[PDB]
file start20.cif (mmCIF, C-alpha atoms)
data_work
loop_
_atom_site.label_atom_id
_atom_site.label_comp_id
_atom_site.auth_asym_id
_atom_site.auth_seq_id
_atom_site.Cartn_x
_atom_site.Cartn_y
_atom_site.Cartn_z
CA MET A 1 7.55 -5.76 -40.44
CA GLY A 2 7.69 -8.98 -38.43
CA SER A 3 5.49 -10.86 -35.95
CA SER A 4 5.51 -14.40 -34.59
CA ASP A 5 2.55 -16.79 -34.61
CA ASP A 6 3.55 -17.52 -31.01
CA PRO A 7 2.10 -14.73 -28.80
CA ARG A 8 4.92 -15.20 -26.26
CA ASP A 9 7.82 -15.12 -28.72
CA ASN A 10 8.41 -11.34 -28.57
CA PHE A 11 8.44 -11.53 -24.78
CA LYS A 12 10.88 -14.47 -24.75
CA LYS A 13 13.22 -12.63 -27.07
CA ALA A 14 13.20 -9.61 -24.73
CA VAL A 15 13.98 -11.85 -21.76
CA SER A 16 16.91 -13.42 -23.63
CA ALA A 17 18.26 -10.01 -24.64
CA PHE A 18 17.96 -8.51 -21.13
CA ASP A 19 21.33 -7.64 -19.59
CA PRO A 20 20.87 -6.44 -15.98
CA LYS A 21 24.61 -6.13 -15.29
CA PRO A 22 24.84 -2.43 -16.13
CA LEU A 23 21.81 -1.77 -13.91
CA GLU A 24 23.79 -2.82 -10.82
CA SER A 25 25.50 0.54 -11.16
CA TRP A 26 22.20 2.44 -10.96
CA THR A 27 22.97 4.01 -7.59
CA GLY A 28 22.31 7.67 -6.87
CA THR A 29 19.34 9.73 -5.69
CA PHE A 30 15.75 10.62 -6.48
CA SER A 31 15.15 14.21 -5.34
CA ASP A 32 18.05 13.76 -2.88
CA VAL A 33 16.68 10.50 -1.49
CA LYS A 34 19.17 7.62 -1.73
CA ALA A 35 18.26 5.11 -4.45
CA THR A 36 18.46 1.34 -4.08
CA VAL A 37 18.87 -1.11 -6.94
CA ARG A 38 16.22 -3.82 -6.62
CA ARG A 39 16.19 -7.24 -8.22
CA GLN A 40 12.68 -8.69 -8.49
CA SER A 41 11.31 -11.83 -10.11
CA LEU A 42 8.25 -11.96 -12.29
CA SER A 43 6.27 -15.17 -12.42
CA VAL A 44 4.94 -15.87 -15.90
CA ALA A 45 2.81 -18.98 -16.43
CA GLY A 46 4.65 -21.44 -18.63
CA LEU A 47 7.86 -19.42 -18.64
CA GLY A 48 8.74 -19.45 -14.94
CA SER A 49 10.59 -16.85 -12.87
CA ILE A 50 11.87 -13.89 -14.91
CA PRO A 51 14.44 -11.33 -13.68
CA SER A 52 13.60 -7.63 -13.54
CA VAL A 53 15.82 -4.88 -12.19
CA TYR A 54 14.99 -1.30 -11.24
CA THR A 55 16.34 1.41 -8.97
CA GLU A 56 13.98 3.05 -6.47
CA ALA A 57 13.47 5.52 -3.68
CA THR A 58 10.49 6.74 -1.68
CA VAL A 59 10.18 10.49 -2.14
CA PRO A 60 8.25 12.47 0.45
CA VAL A 61 5.61 14.78 -1.00
CA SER A 62 6.55 17.49 1.51
CA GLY A 63 9.44 19.53 0.16
CA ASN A 64 9.15 18.04 -3.32
CA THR A 65 6.06 19.84 -4.62
CA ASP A 66 5.73 22.51 -7.32
CA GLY A 67 2.14 23.62 -7.13
CA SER A 68 0.09 20.51 -7.82
CA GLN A 69 3.03 18.47 -9.12
CA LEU A 70 5.49 16.15 -7.48
CA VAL A 71 8.98 17.06 -8.70
CA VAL A 72 11.25 14.06 -9.14
CA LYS A 73 14.87 14.88 -9.92
CA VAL A 74 16.51 11.74 -11.23
CA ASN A 75 20.23 11.66 -10.48
CA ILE A 76 21.28 8.08 -11.17
CA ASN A 77 24.77 6.89 -12.07
CA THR A 78 25.04 6.33 -15.87
CA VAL A 79 21.63 7.94 -16.53
CA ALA A 80 21.65 11.46 -18.00
CA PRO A 81 19.88 13.52 -15.34
CA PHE A 82 16.26 14.43 -15.92
CA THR A 83 13.22 15.70 -14.06
CA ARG A 84 9.72 14.31 -14.08
CA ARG A 85 6.85 16.39 -12.80
CA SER A 86 3.73 14.31 -12.21
CA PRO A 87 0.42 15.47 -10.74
CA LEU A 88 -0.13 14.50 -7.07
CA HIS A 89 -3.82 14.24 -7.86
CA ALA A 90 -5.60 13.60 -11.12
CA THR A 91 -9.22 13.68 -12.15
CA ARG A 92 -9.54 10.72 -14.47
CA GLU A 93 -12.33 11.04 -17.04
CA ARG A 94 -13.51 7.96 -18.92
CA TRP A 95 -15.73 9.06 -21.79
CA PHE A 96 -18.51 7.23 -23.60
CA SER A 97 -18.31 7.88 -27.34
CA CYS A 98 -21.14 6.56 -29.49
CA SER A 99 -19.58 4.30 -32.12
CA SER A 100 -21.12 1.88 -34.61
CA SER A 101 -20.15 -1.04 -32.36
CA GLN A 102 -22.63 0.04 -29.69
CA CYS A 103 -25.12 1.87 -31.91
CA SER A 104 -28.76 0.77 -32.21
CA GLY A 105 -30.78 1.37 -35.38
CA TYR A 106 -30.02 2.02 -39.03
CA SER A 107 -26.31 2.66 -39.50
CA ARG A 108 -26.42 6.29 -40.60
CA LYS A 109 -29.15 7.19 -38.09
CA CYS A 110 -28.39 5.01 -35.06
CA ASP A 111 -27.87 6.07 -31.44
CA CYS A 112 -26.16 4.49 -28.42
CA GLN A 113 -28.70 5.37 -25.75
CA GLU A 114 -29.03 1.90 -24.23
CA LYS A 115 -25.27 1.29 -24.06
CA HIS A 116 -24.70 4.82 -22.73
CA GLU A 117 -27.29 4.24 -20.00
CA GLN A 118 -25.48 1.03 -19.03
CA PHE A 119 -22.12 2.83 -18.96
CA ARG A 120 -23.58 5.59 -16.78
CA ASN A 121 -25.12 3.11 -14.34
CA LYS A 122 -21.82 1.23 -14.27
CA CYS A 123 -20.01 4.42 -13.30
CA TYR A 124 -22.16 4.90 -10.20
CA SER A 125 -21.74 1.24 -9.27
CA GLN A 126 -17.97 1.78 -9.32
CA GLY A 127 -18.23 4.77 -7.01
CA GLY A 128 -17.73 7.32 -9.75
CA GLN A 129 -19.61 10.48 -10.57
CA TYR A 130 -21.18 10.86 -14.00
CA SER A 131 -21.48 13.87 -16.26
CA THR A 132 -24.02 13.49 -19.08
CA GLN A 133 -23.20 15.54 -22.17
CA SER A 134 -25.59 14.20 -24.79
CA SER A 135 -28.79 12.38 -23.88
CA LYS A 136 -29.73 11.50 -27.45
CA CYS A 137 -26.21 10.02 -27.79
CA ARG A 138 -26.22 9.83 -31.62
CA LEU A 139 -23.51 8.20 -33.72
CA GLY A 140 -20.22 10.02 -33.23
CA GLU A 141 -21.26 11.96 -30.12
CA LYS A 142 -19.36 12.17 -26.85
CA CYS A 143 -22.30 11.31 -24.63
CA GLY A 144 -20.83 11.65 -21.17
CA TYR A 145 -18.01 10.65 -18.86
CA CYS A 146 -17.33 8.83 -15.64
CA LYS A 147 -15.12 10.69 -13.20
CA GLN A 148 -12.75 9.20 -10.64
CA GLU A 149 -10.36 10.99 -8.28
CA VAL A 150 -6.91 9.42 -7.97
CA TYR A 151 -3.67 10.22 -6.17
CA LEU A 152 -0.13 9.36 -7.24
CA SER A 153 1.43 6.60 -5.14
CA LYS A 154 3.94 4.89 -7.43
CA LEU A 155 5.72 6.70 -10.25
CA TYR A 156 7.32 4.52 -12.96
CA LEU A 157 10.11 6.01 -15.06
CA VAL A 158 12.03 4.53 -17.99
CA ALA A 159 15.57 5.04 -19.28
CA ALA A 160 16.85 4.04 -22.73
CA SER A 161 20.40 3.34 -23.89
CA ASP A 162 22.15 6.18 -25.65
CA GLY A 163 24.58 5.23 -28.40
CA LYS A 164 27.41 5.28 -25.93
CA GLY A 165 26.96 2.75 -23.11
CA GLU A 166 24.95 4.97 -20.80
CA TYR A 167 21.27 5.95 -20.50
CA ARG A 168 18.82 8.87 -20.91
CA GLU A 169 15.09 9.22 -20.36
CA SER A 170 13.13 7.04 -22.75
CA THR A 171 11.39 8.75 -25.64
CA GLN A 172 8.88 5.99 -26.23
CA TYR A 173 8.03 4.94 -22.68
CA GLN A 174 6.75 7.65 -20.34
CA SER A 175 5.87 4.90 -17.87
CA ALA A 176 6.87 1.28 -17.34
CA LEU A 177 3.18 0.41 -16.95
CA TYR A 178 0.89 -0.29 -19.91
CA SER A 179 -0.13 1.70 -21.82
CA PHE A 180 3.14 3.58 -21.19
CA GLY A 181 1.79 7.15 -21.22
CA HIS A 182 2.78 9.76 -18.67
CA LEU A 183 -0.30 9.13 -16.54
CA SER A 184 0.00 5.33 -16.66
CA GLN A 185 1.07 5.29 -13.01
CA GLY A 186 0.27 3.73 -9.66
CA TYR A 187 -2.67 5.51 -8.04
CA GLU A 188 -4.65 5.36 -4.82
CA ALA A 189 -8.04 6.65 -3.72
CA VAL A 190 -6.80 9.13 -1.10
CA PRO A 191 -3.96 11.65 -0.77
CA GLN A 192 -0.46 10.22 -0.23
CA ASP A 193 2.34 11.68 1.92
CA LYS A 194 5.02 9.94 -0.14
CA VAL A 195 5.54 8.45 -3.59
CA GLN A 196 7.58 5.38 -4.55
CA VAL A 197 9.68 6.12 -7.63
CA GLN A 198 10.95 3.22 -9.75
CA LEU A 199 13.32 3.61 -12.70
CA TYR A 200 13.44 0.77 -15.26
CA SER A 201 15.48 0.25 -18.38
CA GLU A 202 13.53 0.02 -21.66
CA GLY A 203 14.50 -3.60 -22.21
CA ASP A 204 13.33 -4.80 -18.79
CA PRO A 205 11.11 -7.88 -18.85
CA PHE A 206 8.63 -6.00 -16.66
CA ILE A 207 8.03 -3.56 -19.53
CA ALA A 208 8.08 -6.36 -22.14
CA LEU A 209 5.47 -8.29 -20.15
CA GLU A 210 3.31 -5.16 -19.77
CA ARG A 211 3.49 -4.66 -23.51
CA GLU A 212 2.99 -8.20 -24.74
CA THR A 213 0.13 -8.92 -22.34
CA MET A 214 -1.50 -5.49 -22.72
CA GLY A 215 -1.26 -4.75 -19.00
CA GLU A 216 -2.82 -8.04 -17.92
CA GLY A 217 0.44 -9.52 -16.64
CA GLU A 218 -0.25 -12.87 -18.25
CA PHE A 219 -0.91 -14.28 -21.70
CA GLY A 220 -4.31 -15.60 -22.80
CA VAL A 221 -7.57 -13.75 -23.57
#
call {"tool": "encode", "arguments": {"input": "start20.cif", "output": "structure tokens"}}
result
Amino acid sequence: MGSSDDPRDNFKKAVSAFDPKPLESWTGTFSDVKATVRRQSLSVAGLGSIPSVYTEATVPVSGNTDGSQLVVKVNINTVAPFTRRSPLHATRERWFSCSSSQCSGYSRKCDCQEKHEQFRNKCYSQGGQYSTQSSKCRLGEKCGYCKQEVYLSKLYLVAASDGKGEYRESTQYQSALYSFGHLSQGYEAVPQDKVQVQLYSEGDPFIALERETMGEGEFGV
């Protein structure tokens, strides 16, 4: 194990190691739409402008759906072909679980009613709908969840080096966006007629920044 006492050190090392030259060859198609290699610059306070390179295409939803899923066939030079299916629409549930941190009373017998009530009221203030599951909301209970409807707008994909100078879909990163799971994508509040698809390499500073800043895009609390 290793870790620096400088919070930005891991990020700086990633920036130094980043070689975008192979990515210039990332031409091809996304579901038969012509891809374009894009060179962007990140602005990171104290570190300046940072290169980032991805290949992208806008895929129409029409003609690229399989039931409720957008079907993205990645056919990019030097990247082993792969498909991502991603839901056009998701129902995002954020659950309130009663934990000791928000529990009122004697440890073994506490409940989170006040904090749950706040969470429920917060949901409605954010335009969500709430489902209450446990009113008593005792320690360890799943008390309820806030529900939001979202629609895929920007799909982030990640490729990793193979051993051999080319690329394949990343194992570790199912998205370039923190927290890097398959539903860590760009969403909007209403249905979309097209989706922007962006393919990054694992070592891109965009992904490093997402990681080292926990999605915030900048360092600091």
call {"tool": "atom_distance", "arguments": {"input": "start20.cif", "atom1": "CA of residue 195 in chain A", "atom2": "CA of residue 147 in chain A"}}
result
22.9 Å
call {"tool": "resolve_selection", "arguments": {"input": "start20.cif", "expression": "the PyMOL selection byres ((chain A and resi 58) around 12)", "output": "JSON list (two decimals) with C-alpha atoms, keeping the file's coordinate frame"}}
result
[["chain", "number", "residue", "atom", "x", "y", "z"],
["A", 29, "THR", "CA", 19.34, 9.73, -5.69],
["A", 30, "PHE", "CA", 15.75, 10.62, -6.48],
["A", 31, "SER", "CA", 15.15, 14.21, -5.34],
["A", 32, "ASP", "CA", 18.05, 13.76, -2.88],
["A", 33, "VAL", "CA", 16.68, 10.50, -1.49],
["A", 34, "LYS", "CA", 19.17, 7.62, -1.73],
["A", 35, "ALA", "CA", 18.26, 5.11, -4.45],
["A", 36, "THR", "CA", 18.46, 1.34, -4.08],
["A", 55, "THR", "CA", 16.34, 1.41, -8.97],
["A", 56, "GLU", "CA", 13.98, 3.05, -6.47],
["A", 57, "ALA", "CA", 13.47, 5.52, -3.68],
["A", 59, "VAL", "CA", 10.18, 10.49, -2.14],
["A", 60, "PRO", "CA", 8.25, 12.47, 0.45],
["A", 61, "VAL", "CA", 5.61, 14.78, -1.00],
["A", 62, "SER", "CA", 6.55, 17.49, 1.51],
["A", 64, "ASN", "CA", 9.15, 18.04, -3.32],
["A", 72, "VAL", "CA", 11.25, 14.06, -9.14],
["A", 153, "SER", "CA", 1.43, 6.60, -5.14],
["A", 154, "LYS", "CA", 3.94, 4.89, -7.43],
["A", 155, "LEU", "CA", 5.72, 6.70, -10.25],
["A", 156, "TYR", "CA", 7.32, 4.52, -12.96],
["A", 192, "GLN", "CA", -0.46, 10.22, -0.23],
["A", 193, "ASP", "CA", 2.34, 11.68, 1.92],
["A", 194, "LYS", "CA", 5.02, 9.94, -0.14],
["A", 195, "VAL", "CA", 5.54, 8.45, -3.59],
["A", 196, "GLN", "CA", 7.58, 5.38, -4.55],
["A", 197, "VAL", "CA", 9.68, 6.12, -7.63],
["A", 198, "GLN", "CA", 10.95, 3.22, -9.75],
["A", 199, "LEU", "CA", 13.32, 3.61, -12.70]]
call {"tool": "resolve_selection", "arguments": {"input": "start20.cif", "expression": "the PyMOL selection byres ((chain A and resi 132) around 9)", "output": "PDB file with C-alpha atoms, in the frame of the given file"}}
result
ATOM      1  CA  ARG A 120     -23.580   5.590 -16.780  1.00  0.00           C
ATOM      2  CA  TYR A 130     -21.180  10.860 -14.000  1.00  0.00           C
ATOM      3  CA  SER A 131     -21.480  13.870 -16.260  1.00  0.00           C
ATOM      4  CA  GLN A 133     -23.200  15.540 -22.170  1.00  0.00           C
ATOM      5  CA  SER A 134     -25.590  14.200 -24.790  1.00  0.00           C
ATOM      6  CA  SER A 135     -28.790  12.380 -23.880  1.00  0.00           C
ATOM      7  CA  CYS A 143     -22.300  11.310 -24.630  1.00  0.00           C
ATOM      8  CA  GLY A 144     -20.830  11.650 -21.170  1.00  0.00           C
ATOM      9  CA  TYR A 145     -18.010  10.650 -18.860  1.00  0.00           C
ATOM     10  CA  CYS A 146     -17.330   8.830 -15.640  1.00  0.00           C
TER      11      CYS A 146
END
call {"tool": "atom_distance", "arguments": {"input": "start20.cif", "atom1": "CA of residue 26 in chain A", "atom2": "CA of residue 202 in chain A"}}
result
14.0 Å
call {"tool": "closest_residue", "arguments": {"input": "start20.cif", "among": "A:217, A:186, A:81, A:51", "to": "residue 16 in chain A", "atoms": "only C-alpha atoms"}}
result
A:51
call {"tool": "closest_residue", "arguments": {"input": "start20.cif", "among": "A:150, A:189, A:44, A:123", "to": "residue 95 in chain A", "atoms": "all atoms listed in the file"}}
result
A:123
call {"tool": "residues_near_point", "arguments": {"input": "start20.cif", "point": "(-3.1, 13.9, -7.4)", "cutoff": "10 Å", "atoms": "all atoms listed in the file", "output": "ChimeraX atom specification"}}
result
/A:68-70,86-91,149-153,187-192
call {"tool": "write_last_selection", "arguments": {"input": "start20.cif", "atoms": "C-alpha atoms", "output": "compact mmCIF listing (two decimals), in the frame of the given file"}}
result
# COMPACT_ATOMS: atom_id res chain seq x y z
CA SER A 68 0.09 20.51 -7.82
CA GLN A 69 3.03 18.47 -9.12
CA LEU A 70 5.49 16.15 -7.48
CA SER A 86 3.73 14.31 -12.21
CA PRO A 87 0.42 15.47 -10.74
CA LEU A 88 -0.13 14.50 -7.07
CA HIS A 89 -3.82 14.24 -7.86
CA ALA A 90 -5.60 13.60 -11.12
CA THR A 91 -9.22 13.68 -12.15
CA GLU A 149 -10.36 10.99 -8.28
CA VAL A 150 -6.91 9.42 -7.97
CA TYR A 151 -3.67 10.22 -6.17
CA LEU A 152 -0.13 9.36 -7.24
CA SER A 153 1.43 6.60 -5.14
CA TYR A 187 -2.67 5.51 -8.04
CA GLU A 188 -4.65 5.36 -4.82
CA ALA A 189 -8.04 6.65 -3.72
CA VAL A 190 -6.80 9.13 -1.10
CA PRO A 191 -3.96 11.65 -0.77
CA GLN A 192 -0.46 10.22 -0.23
call {"tool": "build_atoms", "arguments": {"input": "start20.cif", "residues": "range 140-157 of chain A", "atoms": "N, CA and C atoms", "output": "compact mmCIF listing (two decimals), in the coordinates of the input"}}
result
# COMPACT_ATOMS: atom_id res chain seq x y z
N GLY A 140 -21.31 9.07 -33.17
CA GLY A 140 -20.22 10.02 -33.23
C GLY A 140 -20.16 11.00 -32.07
N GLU A 141 -21.21 11.03 -31.25
CA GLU A 141 -21.26 11.96 -30.12
C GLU A 141 -20.47 11.48 -28.91
N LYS A 142 -19.90 12.44 -28.18
CA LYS A 142 -19.36 12.17 -26.85
C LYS A 142 -20.51 12.36 -25.88
N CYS A 143 -21.02 11.26 -25.34
CA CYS A 143 -22.30 11.31 -24.63
C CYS A 143 -22.18 11.67 -23.16
N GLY A 144 -21.04 11.34 -22.56
CA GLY A 144 -20.83 11.65 -21.17
C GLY A 144 -19.54 11.03 -20.67
N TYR A 145 -19.23 11.23 -19.39
CA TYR A 145 -18.01 10.65 -18.86
C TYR A 145 -18.10 10.33 -17.39
N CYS A 146 -17.44 9.24 -17.03
CA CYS A 146 -17.33 8.83 -15.64
C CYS A 146 -16.08 9.44 -15.04
N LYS A 147 -16.22 9.97 -13.83
CA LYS A 147 -15.12 10.69 -13.20
C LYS A 147 -14.65 10.00 -11.93
N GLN A 148 -13.34 9.78 -11.84
CA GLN A 148 -12.75 9.20 -10.64
C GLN A 148 -11.59 10.06 -10.16
N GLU A 149 -11.49 10.25 -8.85
CA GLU A 149 -10.36 10.99 -8.28
C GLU A 149 -9.27 10.04 -7.82
N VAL A 150 -8.05 10.27 -8.31
CA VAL A 150 -6.91 9.42 -7.97
C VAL A 150 -5.70 10.21 -7.51
N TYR A 151 -4.84 9.56 -6.73
CA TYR A 151 -3.67 10.22 -6.17
C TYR A 151 -2.42 9.39 -6.42
N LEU A 152 -1.38 10.04 -6.93
CA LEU A 152 -0.13 9.36 -7.24
C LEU A 152 0.49 8.67 -6.03
N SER A 153 0.85 7.40 -6.21
CA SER A 153 1.43 6.60 -5.14
C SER A 153 2.74 5.96 -5.59
N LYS A 154 2.78 5.55 -6.86
CA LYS A 154 3.94 4.89 -7.43
C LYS A 154 4.19 5.49 -8.80
N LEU A 155 5.38 6.07 -9.00
CA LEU A 155 5.72 6.70 -10.25
C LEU A 155 6.74 5.82 -10.96
N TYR A 156 6.42 5.38 -12.17
CA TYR A 156 7.32 4.52 -12.96
C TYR A 156 8.02 5.30 -14.04
N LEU A 157 9.35 5.27 -14.07
CA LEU A 157 10.11 6.01 -15.06
C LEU A 157 10.93 5.04 -15.88
